[PDB]
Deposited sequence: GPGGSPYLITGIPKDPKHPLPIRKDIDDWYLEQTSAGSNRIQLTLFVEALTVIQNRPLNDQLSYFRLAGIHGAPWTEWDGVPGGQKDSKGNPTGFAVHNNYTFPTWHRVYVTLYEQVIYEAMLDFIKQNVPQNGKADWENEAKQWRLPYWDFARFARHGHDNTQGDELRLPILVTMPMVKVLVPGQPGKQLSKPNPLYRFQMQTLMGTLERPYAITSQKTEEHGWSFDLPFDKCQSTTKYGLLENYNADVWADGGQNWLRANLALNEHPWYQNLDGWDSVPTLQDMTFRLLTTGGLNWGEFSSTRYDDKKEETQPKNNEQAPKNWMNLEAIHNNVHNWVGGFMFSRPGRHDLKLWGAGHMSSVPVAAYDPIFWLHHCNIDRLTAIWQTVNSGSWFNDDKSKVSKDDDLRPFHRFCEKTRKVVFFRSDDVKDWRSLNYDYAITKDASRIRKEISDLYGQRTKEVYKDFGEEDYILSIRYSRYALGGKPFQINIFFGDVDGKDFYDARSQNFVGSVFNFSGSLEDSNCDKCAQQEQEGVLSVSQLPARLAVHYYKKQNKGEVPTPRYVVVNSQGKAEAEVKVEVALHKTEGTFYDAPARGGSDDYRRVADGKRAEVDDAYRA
């Protein structure tokens, strides 16, 4: 039978339960924690031929590009480009992923019920079923201060203590299914047709998902499980201009600034908000922010030229669209992207596929996700209008359940406001590029104000770095970066002059790509364009 995606079934006793912040949810805890851990462990341990195994569910998103729920799987097109179900660089990006997250949530809920049926004693039946019915997939608030932004506590824990129903007072420390996804062998040697086999990282050599764990110049057996370098990921997540590392300047995490802007800027239409797909004012979009977070969580650079004692590179699944869904944090990230969509919808209530560009895609089938159309009595694919109201999938968020503008400021606008207040003008960077510029491989666009260090053009530790744009998806693509504070620093160092944005396109070997076109400009409001960007050159040894 087709798998009909409904969201968790509606119980009068459980009216629109909320998806909680995963750090809040964990800190308060332990039946729901036990349920989620036990259910997800079962799901991750299902066989490859079980379509509701974790592997096959993550598989929907990308590699290994197989069928799912009876829907033919993908393949490389005539361009040489892998074709799968997930939508990137198009206006259905938020709605495709809305249904995807709901699928995952529903499968977990059903495994929770099966866990209760097999493991909980009569005394505890109804309480445990009650918690299953109130549970919803937690979100990771990547833009909320945990002083700094952080990966969820639970994601950084290799083991988690759970309850043992029937043995009161007894708890067990179990492998945490949110920490990593581990298979029984290297993903490159799975049974056909499931092997993860173009990609520029050795994901065929991984048994487990990893964050920053893949580096060139280590034994290939290290890549089987490169570990969870969550401290490194937290560092990347707190990216900000380089000058803010100097004494006497305050910092603001660029991710939080971007998210505050995304949620509070008015006058965007759906097409502008929903996607990177292409007034530079309106280029700050959901998908661009989501792309940078993918990069910062997983890492995308496998190597770096030269010799470096401190090694800040390292690659991992979340930066790679074909395999990102295997990392258990993928779903928590997309749960928050769904939350951000709901928030924006709530404060932009008429802007639903409302422009001439996105209207073309409004009625796209969101394959492979089935539902029953009661009006025609047929099994059909989800469409974006079916999930316009996320509440018809029987979940909500606290923030979307009157005080939403205040809550946005309180969660994402306090630091920005505090530091900006020290300086009444805004500056932004516009960035436009082609996701195909490097034959489909990912790349990072880094922008600098002032001289670029030809051996160090990578991150917030690089002299004069201002911000990055990550080409996750591998028509054009756009993004936007805050630039106000970095321009102020530059003006201070350079007699008030406005800086020329300088950019470098960095590939997964940490080298600069000279023929990837990027259009970068600096804009000002008391927006007008005030400087045109230029490519910076790097050292000979660092040139692709």
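In this entry, the deposited residues absent from the coordinate set span 1-4, 34-39, 157-165, 217-225, 307-320, 444-445, 468, 520-536, 589-602.
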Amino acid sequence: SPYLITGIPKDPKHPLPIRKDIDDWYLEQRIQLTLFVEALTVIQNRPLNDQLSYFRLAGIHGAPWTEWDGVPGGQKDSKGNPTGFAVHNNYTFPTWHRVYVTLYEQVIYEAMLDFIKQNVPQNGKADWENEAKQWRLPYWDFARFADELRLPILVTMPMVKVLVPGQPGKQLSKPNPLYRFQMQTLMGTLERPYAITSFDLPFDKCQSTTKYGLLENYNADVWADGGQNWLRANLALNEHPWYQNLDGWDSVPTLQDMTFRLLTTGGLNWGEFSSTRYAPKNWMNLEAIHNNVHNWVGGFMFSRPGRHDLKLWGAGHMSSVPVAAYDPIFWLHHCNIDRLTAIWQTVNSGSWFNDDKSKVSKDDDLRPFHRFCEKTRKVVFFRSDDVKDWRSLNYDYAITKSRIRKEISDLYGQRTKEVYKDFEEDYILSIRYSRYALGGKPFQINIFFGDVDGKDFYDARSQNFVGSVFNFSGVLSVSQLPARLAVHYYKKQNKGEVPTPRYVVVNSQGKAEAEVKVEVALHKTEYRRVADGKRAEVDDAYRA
From here on, numbers count along this sequence of modelled residues.
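Set 217-225 against 243-251 and average the Cα temperature factors; 243-251 ends up higher. Looking at mean Cα B-factors across 96-104 and 445-453, the upper value is held by 445-453. Residues shown: 202, 72, 266, 177. Highest C-alpha temperature factor in the entry: 266. Per the deposited coordinates, the residue with the largest Cα temperature factor out of 314, 328, 350, 158 is 350.
Ranked by C-alpha B-factor against the other modelled residues of its chain, residue 294 falls in the lowest third.
Looking at the C-alpha B-factors along this chain, the one for residue 207 belongs to the middle third.
Compared with the other modelled residues of the chain, the Cα B-factor recorded for residue 61 ranks in the lowest third. Among all modelled residues in this chain, the alpha-carbon of residue 520 has a temperature factor (C-alpha) in the middle third. Residue 373: CA B factor lies in the highest third for its chain, per the PDB record.
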